[PDB]
Amino acid sequence: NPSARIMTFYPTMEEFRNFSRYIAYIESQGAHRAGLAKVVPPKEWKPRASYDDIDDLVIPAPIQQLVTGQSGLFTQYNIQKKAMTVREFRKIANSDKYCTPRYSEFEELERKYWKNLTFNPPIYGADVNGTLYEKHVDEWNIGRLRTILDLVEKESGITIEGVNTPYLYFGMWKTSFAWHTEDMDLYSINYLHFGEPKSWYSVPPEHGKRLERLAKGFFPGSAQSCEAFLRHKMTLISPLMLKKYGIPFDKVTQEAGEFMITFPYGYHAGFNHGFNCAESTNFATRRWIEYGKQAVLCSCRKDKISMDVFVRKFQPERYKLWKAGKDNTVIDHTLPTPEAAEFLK
Ligand code: NI
Ligand SMILES: [Zn+2]
């Protein structure tokens, strides 16, 4: 994937059954180089019958998204509103105030988003612990993907909400997620259960440092405080800004029923088109472990994954060296996960 463009795959049900394996496959095609990729699950596959009964679901801590700034640079302050039901959120989403504007092509709506995101603060029903998958569905069950990440839970007995457990994300028009990499630069999976689309921006992992160097310049105070201020998930930067400053990036629009996959150290951002529900959690492959070792954590806020588990088991030869702190591995982002050798041959 020399261009490092976002890739789209349409697996057969056979190809689909094994998550870890299909991930390895897509990595064998260079999907990881974009930092983000789409998987269109087979026609037959459905994680639930119908989403009719969920109005009673409780959003404990909705966040009003306040966006401060101008000229393609913005800071997003998320304000914890009191709880409300999905019924209540849905009403607000579709209200004439908050309802999505009229458009023909994505292009149109994008401009609109980047012009009006300071006006009319939206609420985002995010960080909702739970899953909309049915118990019997074994295929790509975000609840229980069973990756090597399960070692954290399995060996420590530590449950980390949203990391190894599933989150629900009820979006409305203009609700935004700021440029980020996942916690510990893990992978993540996002399934748009239902509702209007969600557009994604992506910076190649092999250009992530470039984005950091620029973002530091734009928010020098933030960076002077916290080396990894982007982990605050608060920074918005415009596509036209990126063009101005020559940061490579790509766009894709997730439709309802589609999967989006983010790769280690693959910077992503985006916005919801209208009322929708997305389910998410983080996951891992052998390849990640090195990313995990070399990740730049937030120190400035209290409240971090033990890598010792992972280096011991999957890198035993470098265990002592790493503990001695003299492991000077350099990551090559072009390289697919070891597990992909199967499909390279
Ligand atoms: Ni993300
Ligand atoms: Zn911080």
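Any read-out appearing in this document is the output of simple, stated calculations on the displayed coordinates, not a laboratory observation. Virtual Cβ from ideal backbone geometry, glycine too; neighbours counted across all protein chains shown.
Note on region 247-293 and region 153-229: Cα centroid distance 8 Å, given to the nearest whole angstrom. With one equal scatterer per alpha carbon and no solvent term, the Debye-computed log10 I(q)/I(0) for region 15-143 at 0.13, 0.14, 0.22 1/Å reads -0.89, -1.00, -1.19. Here the dipole of the chain is about 1040 debye; that uses its Cα centre as origin and unit charges on the Cβ of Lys and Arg (positive) and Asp and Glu (negative). Of all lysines in the structure, the ones whose alpha carbon falls short of 19 Å from that of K135, not counting any fewer than 8 places away in one chain, are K46.
A DSSP coil position with no more than 16 other Cβ atoms inside 10 Å describes the following trypsin sites (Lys or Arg not before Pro) in region 126-206: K135, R146. Between region 90-144 and region 1-48, how far is it from one alpha carbon centroid to the other, in angstrom? The distance from the Cα centre of region 90-144 to that of region 1-48 comes to 23 Å. Projected onto planes of every orientation and averaged, the convex hull of the alpha-carbon atoms in region 265-345 covers 9.0 nm². Loop-located GluC sites (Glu not before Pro) in region 41-147 (DSSP state not H, G, I, E or B) with no more than 12 neighbouring Cβ atoms inside 10 Å: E44, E105, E134.
Note on region 187-345: dipole from Cβ charges, positive end direction compared against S306, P205, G266; the farthest Cα belongs to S306. Once the mean of 1/r is taken over each pair of separate Cα atoms and inverted, the chain shows a Kirkwood hydrodynamic radius of 20.9 Å. Rg/Rh for region 111-170 (Cα atoms only, Rh after Kirkwood) is 1.17.
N116 sits among other residues whose Cβ lies under 13 Å from its own Cβ, and their net charge, with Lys and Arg +1 and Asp and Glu -1, is +3.
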